[PDB]
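Read the structure below first, then the notes.
Chains as they are written, first to last, in our numbering: chain A, 1 to 48; chain B, 1001 to 1016; chain C, 2001 to 2579; chain D, 3001 to 3049; chain E, 4001 to 4032; chain F, 5001 to 5277; chain G, 6001 to 6270; chain H, 7001 to 7243.
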């Protein structure tokens, strides 16, 4: 869901996100910190 | 003026 | 998933410090394949080549072919820096360190081509103690050759120790007796008239007239050693006089390299010795076959025009003591050509080497007002761009806007003249000042200013990566010709800030976002305040002044005051363009 | 798998005595049963002692 | 630009961004 | 006069130059004593009077000539006078510059950690020494060539290898030789290890050795040998060429002896321009 | 001059000021020896004779100019002759005042213990290093900075951590590093440990080792490196007497972590 | 009056004769001191300036006066300065001459100033009996292992017979000493006596013991080979010539 949302919002074909924690089924997260490798020619505002 | 030689191995020094 | 071409692109875009992980990541290509390592080294920069060599010295056993390909790549970079004009030459210290690593890894196993390439790399630095040490190291191993003596005499061409180079050439002539007179006489074949010079450029069948490329290398060494020698013994030795008489009456090679050798050769001669030598050769070659100083060049030219239009008017232009003498040589000699029925020679003044010689004589005197009269009059032609790079710098020191942008858009751009980095940094600042003057009065478009940084840009490195299919192969036939992938242009952050201010004052902030993305893509150059500059450009695109003030206040409360000074300057440069 | 896993990317010097032959003899597309693993040794408690 | 022997090598043409997300976990199936 | 300056400190009269006291003119040591104004008053020589210990007065003015300050280790009273007089006069702040971090500087101490890996099966040994230095600048190519020359005379290269793996790390192995031969190799390595560091200007301060038990299923030990050095020294030969990573010689040679070296042709050969005897 | 005080003590000629001897008005050394009264009779310079040793009086006159006194430990006679001169002249109360009811003092010897929990299993070498000192006064912030200067260039900050736990104890973490690079880690920490302690003024008397197996895990082993540092005096300035003269600028430490223990809106405390 | 020459080195004045510094003429130390040339310009005495330590120069000038040398072992910084100053001045080869061995005649060897000795004891156990395989290994060449085994054997004829131990030479720098079928108490007599004979033999070569550090196999399970690794560090501080 996060991958397709970032691909729609950044207009890329397929992006890959890597999470710091891989939680199991049922456990909530509050600040799950992950990193995405995006193309450098995208200059969108971080709120946009 | 530096002469360059190859250092001999033990099979080369003690060749019979 | 990835090809060898994409691996070479990733290597050429990554910096020098990233040579160690990638070699250790894709090490299955390098541990058993020396040809793959040689192809990687030849298709990459010399600094990345020595970085890969220093990385592989701790892991593999490097061969002599690796250092041979590295020295060949450094010689190709020297050829490129001779051809283009920007960037620095390969240092002699790195070549000596590479030769020392090759001679400490492989003792008495390197060929003489290694020593030849080391001497050719130490030649433009004029380091002759390195040549003496290399000759002693080669003599101690009982492998001392004659092209090594030629390249060591070319290395020893210096005003300090020219006598050692002359002694080396004398020992070469004593050892091998017929190479030097045949290589000199190749510049003057038997049975040469003016009709031969006409048919060399008019008729068909471009035959080779006698000079071999080894003879061309020998003649280049002779040209360097006669540039280094003073004028006293250069007019007494038979070899030097023969070379000076055969260079001015060559008529066998192209006029560009002839002009280059004539500019390098007669530099140490004074004016009187130069004009007496030219008078003597014009006497003998025309009697065998057939202030006041501005008058003395007119009688020198009118007796010596069998297709000698290109090199002589540049050699006399270089031999003049001042640049106003060169301006009088451009004007009064053209008037004398109009007086002495010389309509055919004046079509050769529009040759690019003549205006390049005039611009170099104006640039070494640091005269931009004299250069502007040649800029605005003549047609735009291909400048060799070593002089146009510093002429824009010299025009920037006057701190005046319109002449620099005028000559950039009317002489440099239609002639496709490629400037250096500091020249473009000065030209974009002059464009910005002229655009601010045009904005406060009420003509550079922002797309043109974006294209003048990418298309008009010259680096000292050479693109050498070929495609996957476009390579001379041992199996199968090739579908396409060998094509070279052009490297994407890298931009300094001063050019980034100038392009940002240009796209702000032009009224289109999209170009600044595109330039920032291109800079993050080609070289990972991220500005220290770019997270605020992106939002300032987005507020500029959507006309939000209150948010543009709030982000400046937040950058003041977060960063320093001097960091927000740039944001305030960008805001007051946007407010004059919106109004 | 955590006991035999090298931490991060790890490379060493190459020598022809250590070859690492890639000719395994099975398919490279399958990875079930190919990971390096220790044999689990569980020590005895003091009741077992 | 320097290199330390354990750093994260980012390939050219790409830039790493940090995201901070949250979800309920009862509604979702979880992570990958 | 502007040439001679006479300062009477503790009864002892020393002669010095005006450039010595005014080498650091911004300090209170020089601006409190008007040397050009005292030269115009006393035409022969400037006369000043200081109240210090005369042996300490030799230490501060001797620093101005040699650019090196050495403090006494035993006498703590004189040691306390130098840190007090140069702080009150302002010469202490210019003596030791605090720097914030191309030339390479050797450190004051140097530790060398050697990690062996032993294997023993009924009277034979099998060593793998991992020599590791403490900082950059140590030329380990000069260290390994000290090991390779002295070990080639004792044993053949078919039983041991030695190559460099990093700027501050080396390596050495031993392929299953007897205990009388393996201890011959390990003692000869660690003697060329310290003798390389003695040539760098150091001296062995302390050292220790550590032996580990076997792994729970193999006969593998880990012998840890650590050294500690300190800064003792106050700071046309024959090229012997060898590759870093060596190659093994098993059985006959695949390439002949003349195919190793490269020779130029006879027609390209020239006479020697330097003398050879 | 009249301001100069020439004193003949034991045959050696000494020259000093009037205010240095009159630094303490109440002592009988300055009371029974009037310096400005003798300056009215002696026009050029005053002359005083003493029955004290010339090697002793360099410590007596040097005390009045430095406001400190150091006694030689290897010479028991000059230790006895100076303090007896302090008692017969009344300067022992001014040199050593009575203790009323806090600077640090470096001891003559220091024991530095280095506890390593090394885990080595087939190419991977994991370390857990703890450096502790025997006394206070040591600047552990400077010891960590020497580790941060070297190991940041040698490895990324992901693989290792290094921070301060106590005033005399420090910690160093290492997570799953290979054979060669972890040997570069522990040697450089041992390099900067001796570099930090010898810069304090100490000299390594002896260094010895202690190896132990582990109780829970198999491939983990304990390595106790105990270091004995004997005190010397370096040829440069020490941080003991240097901090009293040249006070170096203390840099601001890193921001500590305030842990969260509550979940919710959490109305403000009173 | 005229024969004495003033040497000022490190703020300390030294005075000595003319022939003592020119005792060895071929050394570079005598070439940098033109003693007949400096006496011709200054008729009173020669005045020379050096930047060396005064305590170091007393050892160097003391060797020229009295043909003896004893390097200080309590200070390594002073001792390393003496050897380094006598190397750059060319005085070490006359202080420590090369040795002569007769095995065939070949006499060229330079003894190291810092040598290490590795003593490894292999304790095994098979079928109720135990054995020791002591291996003595010197650092470099030049030492006399023929005389050490003579001192090891002669000190062991009184203690035990030739049946329970054997001691011979395997290499020029390696010595072997086996031990079989001995009691628990008399095994400490053998290892302490060989360690006694190891140090004083190196003292007879002209060395001095710096430090010693031993390790031992700390395993509680049965091991086929237990290893006692005794390491010695010797520093050459003198020279010993027998008669």
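For every residue, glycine included, the Cβ atom is placed at its ideal position computed from N, Cα and C.
Where residue i meets chain G, residues with beta-carbon distance less than 8 Å
i	result
residue 4005 of chain E	6154, 6155, 6156, 6181
Nearest residue (CA-CA) to residue i, options the options
i	options	result
residue 6156 of chain G	G/6138, G/6164, G/6176	G/6176
residue 2179 of chain C	C/2167, C/2214, C/2231	C/2214
residue 7014 of chain H	H/7111, H/7023, H/7053, H/7242	H/7053
residue 5160 of chain F	D/3008, D/3002, D/3017	D/3017
residue 5215 of chain F	G/6040, G/6120, G/6109	G/6120
residue 6193 of chain G	G/6153, G/6270, G/6255, G/6112	G/6112
Rounded C-alpha distance that separates residue i from residue j
i	j	result
residue 5179 of chain F	residue 5102 of chain F	47 Å
residue 2074 of chain C	residue 5202 of chain F	40 Å
residue 12 of chain A	residue 45 of chain A	16 Å
residue 6234 of chain G	residue 5079 of chain F	10 Å
residue 7167 of chain H	residue 7133 of chain H	10 Å
residue 2128 of chain C	residue 2058 of chain C	32 Å
residue 6144 of chain G	residue 6212 of chain G	27 Å
residue 7128 of chain H	residue 7222 of chain H	13 Å
residue 7120 of chain H	residue 7196 of chain H	15 Å
residue 2070 of chain C	residue 5171 of chain F	28 Å
residue 6125 of chain G	residue 3003 of chain D	11 Å
Proximal chain H residues relative to residue i, where beta-carbon distance stays under 7 Å
i	result
residue 6211 of chain G	7218
Residue i: contacting residues in chain E (beta-carbon distance under 7 Å)
i	result
residue 2521 of chain C	4013
residue 99 of chain A	Since the first residue of chain A shown is 1 and the last is 48, residue 99 of chain A is not available in this structure.
Contacts that residue i makes with chain A (C-beta to C-beta distance below 8 Å)
i	result
residue 4029 of chain E	25
8 Å Cβ cut-off: residues of chain E touching residue i
i	result
residue 44 of chain A	Within 8 Å Cβ-Cβ: nothing; residue 44 of chain A doesn't reach chain E, min ~11 Å.
Span of the beta strand (DSSP E) around residue i
i	result
residue 2383 of chain C	Residue 2383 of chain C -> no beta strand (DSSP E), and no H or E assigned at all.
residue 4021 of chain E	4014–4023
residue 3049 of chain D	No beta strand (DSSP E) contains residue 3049 of chain D, which DSSP labels as neither H nor E.
residue 7007 of chain H	7005–7009
residue 6046 of chain G	6046–6050
residue 5018 of chain F	Per DSSP, residue 5018 of chain F belongs to no beta strand (DSSP E); it is in the alpha helix (DSSP H), 5018–5021.
residue 6223 of chain G	6220–6231
residue 31 of chain A	29–39
residue 2320 of chain C	No beta strand (DSSP E) holds residue 2320 of chain C; DSSP gives it neither H nor E.
Interface residues of chain D facing residue i [CB-CB closer than 9 Å]
i	result
residue 6121 of chain G	3003, 3004, 3038
Contacts of residue i in chain F (Cβ-Cβ under 9 Å)
i	result
residue 3015 of chain D	5161, 5163, 5245, 5246, 5247, 5248
Interface partners of residue i on chain D, CB under 7 Å
i	result
residue 2518 of chain C	Per Cβ cutoff of 7 Å: no residues; residue 2518 of chain C is ~31 Å from chain D at best.
N-terminal and C-terminal residue of the alpha helix (DSSP H) that residue i is part of
i	result
residue 2498 of chain C	2493–2506
residue 2510 of chain C	2510–2522
residue 2021 of chain C	2019–2025
Closer than 7 Å at the beta carbon, the chain A residues around residue i
i	result
residue 2538 of chain C	45
Taking only runs that begin and end inside the region 6066–6119 of chain G, name each unbroken beta strand (DSSP E) of 3 or more residues, in chain order.
none
Residue ranges of each alpha helix (DSSP H) run of no fewer than 4 residues wholly in the region 5115–5193 of chain F, ordered along the chain?
5140–5152
Whole alpha helix (DSSP H) runs in the region 2098–2168 of chain C with 4 or more residues, listed along the chain?
2112–2122, 2128–2140, 2146–2155
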